[PDB]
Amino acid sequence: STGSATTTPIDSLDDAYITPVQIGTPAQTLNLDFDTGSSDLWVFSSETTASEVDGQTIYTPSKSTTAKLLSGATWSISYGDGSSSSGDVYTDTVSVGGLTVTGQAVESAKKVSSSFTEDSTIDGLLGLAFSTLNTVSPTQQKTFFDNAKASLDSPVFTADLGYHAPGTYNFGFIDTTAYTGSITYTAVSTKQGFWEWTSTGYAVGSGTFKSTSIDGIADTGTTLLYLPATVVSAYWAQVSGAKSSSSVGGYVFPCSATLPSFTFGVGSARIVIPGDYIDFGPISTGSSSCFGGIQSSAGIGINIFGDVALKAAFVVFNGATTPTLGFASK
Ligand SMILES: Cc1ccc2c(n1)N(C)[C@H](CO)CCNC2
């Protein structure tokens with residue numbers, strides 16, 4: 001089997017991407033944030049505290065004839081930015097772009113933190129990291145990908161995120177029309193439960209390539225590119241007036257600037273992030289200070305190849321018994 005679904009930026013800055021997902025019988029369609037940095041499929045639901053729902057589409061398990069309470073199971077998750085959610089668990093039928101999983105754990109939110117409430121366009125998250133990170137207790141549950149894997153033509157999914165435009169998540173096949181040149185594959189470590197790999201280095205603009213190992217994770221659920229302070233300082237040093245602001249919480253730059261590209265290494269291959277991809281606009285409405293799309297990972301504990309990096313590539317998440325990651329230009 002295979003599946004193919006379009007993913008769409010939630011706003012004009014590509015702060016996140018939502019993908020339609022069918023849950024239950026008859027189908028209830030929710031727009032989920034596909035997140036290769038976590039492993040929980042959770043949704044706003046009829047069980048979510050009323051004051052914490054503001055515009056989201058909710059899942060109502062009582063209206064699904066295939067919904068079954070997973071008796072005794074609870075879940076509780078906190079993400080890298082301090083946001084969180086928790087609740088109980090149903091199993092139900094879940095379909096993504098024509099690909100159907102029966103008995104998928106659908107984690108029903110009883111509580112969500114403010115940043116989720118304030119995000120009316122995101123109805124939930126669909127985790128695509130390794131199932132070892134799934135927070136369901138006392139019986140850990142499998143991701144949508146993990147459950148579909150054996151049925152897929154090939155044990156892979158691909159992320160093809162658009163810049164200020166829709167993109168595609170495919171399951172079970174590699175669309176050879178979706179990229180240019182060849183796909184370069186690189187080793188993955190699952191030891192932290194992430195799609196963790198090692199970049200071979202970087203370049204700023206038309207500058208020379210610096211060979212240096214940068215361990216990081218491919219995370220569709222993170223907006224920006226977070227890299228070591230050395231690398232990030234080298235980038236912003238090429239933008240006149242750019243500076244790190246503690247009050248704003250990262251590098252900002254004059255909105256009148258033209259940003260340089262940023263290149264990262266994948267083995268001997270190179271992925272080029274155009275400068276415009278690194279512009280996240282005025283820090284506040286009407287401001288002439290703009291927020292940068294490349295930031296320091298120093299306060300995180302891990303480097304994160306988020307959407308800013310990933311949207312510049314066609315990315316293969318290969319879930320064979322020895323997982324690997326593939327990157328192609330497009
Ligand atoms: C993957 C994920 C986790 C938590 C959150 C999230 N995404 N949202 C939608 C955005 C992402 O920039 C930030 C707000 N914190 C909640």
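Start at 1 and go down the list; that is how both ligands and their atoms are numbered. Worth knowing before you read on, the calculation uses all heavy atoms, side chains too, and leaves out hydrogens, waters and symmetry mates. Residue numbers run from 1 in the order of the sequence given.
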Within the 4.0 Å heavy-atom shell around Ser115, which atoms of ligand 1 are there?
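Those of ligand 1 that fall under 4.0 Å from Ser115 are 14 (C), 15 (N), 16 (C).
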Where ligand 1 meets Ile122 - atom numbers and elements under 4.0 angstrom, heavy-atom basis
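Near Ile122, meaning under 4.0 Å from one of its heavy atoms, ligand 1 has 9 (C).
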Report the nearest protein non-hydrogen atom to [atom]: residue, atom name, distance rounded to 0.1 Å.
atom                    : result
atom 8 (N) of ligand 1  : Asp119 OD2, 4.4 Å
atom 15 (N) of ligand 1 : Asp81 OD2, 2.5 Å
atom 1 (C) of ligand 1  : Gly221 O, 3.2 Å
atom 6 (C) of ligand 1  : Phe116 CE2, 4.2 Å
atom 12 (O) of ligand 1 : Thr223 OG1, 2.9 Å

Are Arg270 and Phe209 in a cation-pi contact, defined as NZ or CZ under 6.0 Å from the six-membered ring centre and within 45° of the axis?
yes
Rounded to the nearest 0.5 Å, what separation is found between the [atom1] atom of [X] and the [atom2] atom of [Y]?
X      : Y      : atom1 : atom2 : result
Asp92  : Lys68  : CG    : NZ    : 8.0 Å
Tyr17  : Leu310 : OH    : CG    : 9.0 Å
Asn170 : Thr2   : CG    : OG1   : 8.0 Å

Counting only heavy atoms closer than 4.0 Å, does ligand 1 sit against the backbone of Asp33, its side chain, both, or neither?
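The answer is the side chain.
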Mode of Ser83 contact toward ligand 1 - side chain, backbone, both, neither (heavy atoms, under 4.0 Å):
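Only the side chain of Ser83 comes within reach of ligand 1.
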Flag, side chain of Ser297 to backbone of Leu227, donor-acceptor distance under 3.5 Å:
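Judged by distance alone, yes, a pair lies under 3.5 Å.
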Report yes if the distance between the aromatic ring centroids of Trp42 and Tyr59 is under 6.0 Å, otherwise no.
no
Of all the heavy-atom pairs spanning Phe291 and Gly249, show the shortest one and how long it is.
CZ-O, 4.1 Å
Hey, is atom 4 (C) of ligand 1 touched by any protein heavy atom at less than 4.0 Å?
yes
